[PDB]
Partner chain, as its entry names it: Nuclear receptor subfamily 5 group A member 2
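A single chain, nothing else alongside it, follows as C-alpha cells in the form deposited without the partner chain.
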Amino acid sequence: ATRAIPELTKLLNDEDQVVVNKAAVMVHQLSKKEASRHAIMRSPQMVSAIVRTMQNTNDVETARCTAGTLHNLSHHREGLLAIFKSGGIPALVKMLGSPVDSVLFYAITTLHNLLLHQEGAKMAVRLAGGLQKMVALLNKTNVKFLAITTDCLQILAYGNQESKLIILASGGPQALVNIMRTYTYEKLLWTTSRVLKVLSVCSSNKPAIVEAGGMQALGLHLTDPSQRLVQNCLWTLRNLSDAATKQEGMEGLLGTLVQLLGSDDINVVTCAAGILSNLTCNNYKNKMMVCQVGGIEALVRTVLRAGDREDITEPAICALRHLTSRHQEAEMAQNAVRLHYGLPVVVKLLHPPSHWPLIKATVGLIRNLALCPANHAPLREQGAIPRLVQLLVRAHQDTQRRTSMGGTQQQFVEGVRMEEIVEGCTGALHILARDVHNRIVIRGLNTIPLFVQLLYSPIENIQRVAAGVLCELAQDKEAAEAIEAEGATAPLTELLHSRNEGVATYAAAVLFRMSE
C-alpha cells in the first residue's frame, strides 16, 4: 500500500521521460493485485498522474502500461470514480486516436466499463467527442474490438437525438452497414443491428443507411440462426422501408421477404408484409421481382391466414395493390389473385369490421383486379358492386354534410379522407362497368343520380371517374336516356375544357350517346 505509491506518484511527474518509463511499468505490475490496486484507487494523486502521463507521453510502452493500469482500475465501482473524477474520460477519448492496437484496446475497454457502470459517463464521453472518435475506429478489422466499439455506441445513442445526429454526421451509418456486409460473428452483428435499429427510428438517419446499402446488407442475415439478430434486422428493415424505393440489387432481399411470409412467427409475417408493401409502392423493378418469386401467391395466403388482423391484411393488401398495376406482370398478378382463391376474401375485407385504411387499400386492389376481364364476373358474383356502392354512398354523403359554400371542411377519419373513398370506389365501378352485366347491376342500384352529383364535385380525379363511369353506362341506349333525365347535359359541357383532358374525353362521349 502507501509505501511506494507516493514515490511512484512522484516519478510519473518528472521532467526526465526515461524516469517516467520505468515508473509506469512497475505501477502496471503493481496494479494487478487487489491489495496493490486498492491503494492506487484510494490515492487521488496517483490516478491523475497515470491519466496525465498516459495522455501526454510519446513513448509507446508507458502509454499502454498506463492504459492497462486504468483498465485494471475499471473493474471496480470505486476505480470508476477515481478515473471519472480525475478527468480520465477526456484522456481515454484522446487515446482513441492512437496508432497502437494495444493502447486502443485498453482505452475502448475502459470507456466501455465507465459507460456501463458509471453514471455521468454518457454525458462526459459525448462532451469529449467520444462518438466521433468511436465512429472513426469502425474501419478496424479485429472482430472483438468492433463489438466493444458498437456496444459503446448503442449505450450512448439510445434515446438521445444529439448522439444519433453526431453518429450520422460522423459517417456512422455506412460503417455500421459495412460491418453487416463483412462479418459473420453473431455478437458483433447483433450489437451493430441494435445501433442501426436505434438510428433507423430517427427519420433523419434513414437516407444515410439506405444509401450505404443497409437494406441489402441487413437482408443478408434474415436466414441467421440467432433470432434476436433476425427480428432486429426485420424491425430496422421495416423502419427503413419508406425511405428509398429506388434501390437496386434487391433481388435476394425481396425473395427472402416473400419466403418469410410463411413464417410460424406472426410478427415476422407482419414485418415482412409491411416491408414488401413499401418496397413495391413506386418501384417497377421490385414489382416484377416480387411476382417472379411467387409474391402474389404468398401475399394471398398471408391475407387468408390473417383473418381480422388488420396489422397484417392492411400491408398485405397494399402490397397486392402495387403488384397488380403498372408493370409488365400486372396482368398475371390480377389473374393469380383469383386463381389462388383471393377474390372472396378480398371482397369481405370491404365489410365490417374493417377500418377505413384497410377499406381504402382493398378498394384500390379491387379496382386493379377489375382490369382483368376474367375477374369481372367473379367480382360481381362475390357481391362487390353493391358493397362498393355502399361505401361510395356513405363517403359522398359524408363529404356533403361538410361542404357548404366555404368549400368542404377537409377532415380525416381513421387516417383517411372520405374523398379518397369516393375516388377509389367510383374508379373501381368505372373499371367494372366495362362488362355489360355489371352495368345492369350498377344502374339497378339507382346510382346514375349519385354519379351525376359527383360531376359538380371540385376534386379533379372525382370528375375523372364520375364522367368515366357515366360514359360506360351510356353505351347502352336505355341507360343513356336515364342520365339525360337527371340533368347531366349542363355540367358535362363545361367539363369539355378541363386541364384534365381525360375528363373532356368521357364528357363528350356521354353527350354523343344521349341525344345523338
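Positions refer to the first chain, counted from 1.
Another form, the form solved in complex with the partner chain, is not on view; read the next lines as being about it.
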Heavy atom within 4.5 Å of the partner chain in the deposited complex: which of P99, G159, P225, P353 fits that? Just give me the one. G159
Identify, from the list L220, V393, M250, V201, the residue with a heavy atom within 4.5 Å of the partner chain in the deposited complex. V201
Considering the partner chain in the deposited complex, find the one stretch among 151 to 159, 170 to 178, 253 to 261, 84 to 92 with heavy atoms no farther than 4.5 Å from it. 151 to 159
Going by a heavy atom distance of 4.5 Å, is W235 a contact of the partner chain in the deposited complex? yes
Is the gap between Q231 and the partner chain in the deposited complex 4.5 Å or less for some heavy atom pair? yes
Quick one: is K197 in contact with the partner chain in the deposited complex, heavy atoms, 4.5 Å cut-off? yes
4.5 angstroms heavy atom contact with the partner chain in the deposited complex for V125: no
Residue by residue through 258 to 280, tell me which have a non-hydrogen atom within 4.5 angstroms of the partner chain in the deposited complex. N267, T270, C271
Looking at the motion between the shown form and the other one, would you put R439 and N267 in the same rigid part? yes
